[PDB]
């Protein structure tokens, strides 16, 4: 149908094309990659999935665990939950964590926002993602659902990708991609013995703006997220 034709793009595509080209010219984007052992989260998720759907009415995916860890890291690393004004040379450190979530829709990519995500529990996050994705796909968003974001999470693993260099959109200073969670052979070291284990591993590429965040700051922020996910103390957070 499309093949061999020239057609005017829809408004979402036109806006995305304009915003992404401009975004790269008014920021200094680079992507740092860390690997995280998601096995404990995967086991916790598998064990509690039936009780979660029964009590909260929504499916329990990996995304609310990534959101909870990222939002707590943005509170303890306020330098990342920030915006730079290149005209006045002032940095604004936001008190709210307004978390943008990339949502794939048939008309194009949309980035709705979970406002004040720092006040939400894992069940509330799971419900907000479902509500935003549904309203994004059915033209039921309001303008304020698409603005005010202070950081973004993009699920690049939804379509099989291990990694990407996602584009951040100023005034945001960071966008985290959640790669595909894949079983991999990894090395475990305990009591001086190196051995090979099968673990659920994920790559987390973080695109950050070098105007706001330096490489070591990005590493410290990603280390906080990694340690939270690897310990996986989320049982109480599930409110079952």
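Residue numbers count along the first chain shown, from 1.
**Q** Regarding 186 to 194 and 200 to 208, which shows the higher C-alpha temperature factor on average in the entry?
**A** Averaged over C-alpha atoms, the B-factors run higher in 186 to 194.
**Q** So 53 to 61 or 30 to 38, which one's hotter by mean CA B-factor in the entry?
**A** Result of the comparison: 53 to 61.
**Q** Taking the entry's C-alpha B-factors for this chain, is residue 44 in the lowest, middle or highest third?
**A** Within its chain, residue 44 is a highest-third residue by C-alpha B-factor, going by the deposited values.
**Q** Should residue 229 be placed in the lowest, middle or highest third of its chain by the C-alpha B factor in the entry?
**A** Tercile = middle for this residue's CA B-factor.
**Q** Using the B-factor values recorded in the entry, state whether the Cα atom of residue 107 falls in the lowest, middle or highest third among the modelled residues of its chain.
**A** Its C-alpha B-factor belongs to the highest third of this chain's values.
**Q** Which third of the chain holds residue 10 when residues are ordered by C-alpha B factor: lowest, middle or highest?
**A** It falls in the top third of the chain.
**Q** What third of the chain, by the recorded C-alpha B-factor, contains residue 123?
**A** CA B-factor rank for residue 123: highest third.
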